[PDB]
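Breakdown of the fold
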Protein chains: 2
Amino acid sequence: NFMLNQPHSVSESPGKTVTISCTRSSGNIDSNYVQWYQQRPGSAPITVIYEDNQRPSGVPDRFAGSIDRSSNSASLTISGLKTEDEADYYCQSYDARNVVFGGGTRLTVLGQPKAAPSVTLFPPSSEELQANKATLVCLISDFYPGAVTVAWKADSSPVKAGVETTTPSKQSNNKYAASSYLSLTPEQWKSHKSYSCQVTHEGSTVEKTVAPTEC
Amino acid sequence: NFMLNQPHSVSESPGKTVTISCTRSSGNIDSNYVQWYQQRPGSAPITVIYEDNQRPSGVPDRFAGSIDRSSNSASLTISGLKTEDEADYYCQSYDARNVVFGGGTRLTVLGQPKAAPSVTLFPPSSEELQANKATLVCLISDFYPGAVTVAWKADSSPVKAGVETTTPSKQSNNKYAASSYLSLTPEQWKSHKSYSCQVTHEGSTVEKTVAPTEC
Ligand SMILES: CC(C)C[C@H]1NC(=O)N(CC(=O)Nc2ccc(C(F)(F)F)cc2)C1=O
């Protein structure tokens, strides 16, 4: 099957225009129809676009679907942004019986200034090593909007297994914090030169690295 | 045009069978295919049923779709109910003029067992101390239910400033995780013999202690 690649997040202030892209990994974007679903936090999904650019009745003309054959993408363009437009947006298409959804885009209608995350990566604590645990923690604090993507490297290879990332929560400064932790065994930790935690926010990626040391 | 009516919520104990109905307001349930989506907190939805009763790869066979033409409904039936099945469920169908979703059913799995937190306390990294910061993190994981309280100590004394604890979130093991972080200056960290993180959950307290290094 093909994938549909959406940006993890977008933001803009009220009244502005935002575009959300949906890139088809293989085949022709024009070969099958693209739908867009809005899911407001705590709500059921709603279709805002079907068949690339058709609006269901009740969906404001502020929402526009398009297809860019040159880039093999679909886009949802929302003009005149309102606070009610804050939601996850999903694109969806198919090859044959295989329905393919995008990973979803969080749209934030800015309610406060943007803030870039503080990122701190901690190597295993002495105590946990004695319980046969080498959990690493990546603390991510003081950010806005509340949407982040976290990726871990063992040396330069993506890690998949043993990653958990908490749902960002607003702290006492009204900015978001979260932690990602990678539950390594001491064997895994020592068996690599270094581990890295990459945090993506508002399309800038920061990275921190830790390594077994002599102390 | 039509709507799909689902129960707002259903509850059941492990091992039992739960049924979630989806009633089509207008036109025949059998005129168009029904899909079912599962969605866990802070995650994107997944397909559990398509074309009324087909299970995707990797969906447990405990999930069964059906159609009842006489009550003009579709049902998702979950057998041998597991804690991991706690989620929102959405039915979805079509009418050429739109893709239509149900309002969603929140399924609660009753009688989940109390689970004590794993607590790991990380002293400041050499790298953050070099950048003039001395944040500690207390990683709290695998606890149920999803409520903790955290107190910090500098030596034996209560820490009254610089503490933040994230809102617990449910992780892939269906238990909660949170981090408490204390934002010390390097001078504060080095001025004490130790700092401690005390995690209380269901009346039981776990305490961890870290001290400045010697290298
Ligand atoms: C084999 C396929 C039919 C199912 C498989 N393919 C795929 O794209 N997913 C992810 C998925 O269903 N995502 C999804 C994302 C959003 C929604 C929506 F629109 F909010 F209801 C519904 C579904 C799957 O679980």
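As documented in the archive entry, the model was determined using X-ray crystallography at 1.9100 Å resolution.

Some words on the pattern of salt bridges
Across all of its chains, the model carries 13 salt bridges over all chains by this definition. For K170 of chain B, the salt bridge identified is with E86 of chain B, shortest N-O distance 3.3 Å. Of this pair, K170 of chain B sits in strand 16 (residues 169-170) while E86 of chain B sits in the loop between strand 7 (73-78) and strand 8 (87-94), and the two are 84 residues apart along the sequence. Residue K170 of chain B shares its accessibility class with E86 of chain B, and that shared class is buried. In this structure, the salt-bridge partner of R106 of chain B is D88 of chain B, at a minimum N-O distance of 2.8 Å. Remark: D88 of chain B occurs in strand 8 and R106 of chain B occurs in strand 10 (residues 105-109); sequence separation between them is 18 residues. By relative accessible area, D88 of chain B is classed as buried at 12%. Members of the salt-bridge network, linked through shared partners, are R62, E84 and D85 of chain A.

Observations regarding the layout of surface pockets
Taken as a whole, the second largest pocket holds about 1100 Å³ of empty space. When contributions to the lining of the second largest pocket are tallied by element, the ones reaching two or more residues are helix 1 (126-130), helix 2 (186-190) and strand 19 (204-210) of chain A together with helix 1 (126-130), helix 2 (186-191) and strand 19 (204-210) of chain B. A per-class count over the lining of the second largest pocket returns 17 nonpolar, 8 polar and 6 charged.

Looking at the packing of aromatic side chains
Residue and element names in this part refer to chain B. Within the structure shown, the criterion is met by 12 aromatic pairs over all chains. Pairing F63 with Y89 gives two aromatic rings, centres 6.3 Å apart and planes at 35°, and the pair type is tilted. Residue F63 is found in strand 6 (residues 63-68), and its partner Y89 is found in strand 8; the two are separated by 26 residues along the sequence. Note on accessibility: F63 and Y89 belong to one class, buried.

Notes on the sheet that holds strand 1 (residues 4-5) of chain A
Residue and element names in this part refer to chain A. Strand order in the open sheet made by the 4 strands is 1-3-7-6, with antiparallel pairing throughout. In this open sheet, the two edge strands, each paired with only one partner strand, are strand 1 and strand 6 (63-68). Sheet analysis places strand 1 next to strand 3 (residues 18-24), joined by 2 bridges and oriented antiparallel. Across the sheet, the residue bridging to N5 is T23, located in strand 3.

Some details on the site of the ligand
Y37, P45, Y90, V99, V100 and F101 of chain A together with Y37, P45, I46, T47, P56 and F101 of chain B make up every residue found near the ligand. One finds residues of chains A and B in close proximity to the ligand. A distance of 2.9 Å separates an oxygen atom of the ligand from a polar backbone atom of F101 of chain A. Here an oxygen atom of the ligand and a side-chain polar atom of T47 of chain B are 3.0 Å apart. Burial of the ligand by the surrounding chains reaches 83%, relative to a free accessible area of 560 Å². Secondary structure elements with two or more residues in the shell around the ligand: strand 9 (98-101) of chain A together with strand 5 (46-49) of chain B. For the shell around the ligand, the per-class residue count stands at 11 nonpolar, 1 polar and no charged.

Basis of the calculations
- Residues numbered from 1 in each chain as written, not as in the entry; some residues may be left out.
- Chains lettered and ligands numbered in written order.
- Heavy atoms only, no water.
- Salt bridge = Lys/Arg side-chain N within 4 Å of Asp/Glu carboxyl O.
- Helix = DSSP H or I, 4+ residues; strand = E, 2+ residues; numbered from the N terminus.
- Buried < 20%, exposed > 50% of the residue type's maximum accessible area, 1.4 Å probe, protein only.
- 1 Å grid on protein atoms, 1.4 Å probe; cavity = no way out; pocket = protein on both sides within 12 Å on 5 of 7 lines; lining within 4 Å.
- Points joined across faces, edges and corners; volume = space filled by probe spheres on them.
- Nonpolar A, V, L, I, M, F, W, Y, C, P; charged D, E, K, R; others polar.
- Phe/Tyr/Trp six-rings, centres within 6.5 Å; stacked < 30°, edge-to-face > 60°.
- Pairing = 2+ DSSP bridges.
- Near = heavy atom within 4 Å.
- Polar contact = N/O pair within 3.5 Å; in protein donor to acceptor, adjacent residues only side chain to side chain.
- Areas by Shrake-Rupley, 256 points an atom, 1.4 Å probe, with all protein chains shown as cover.

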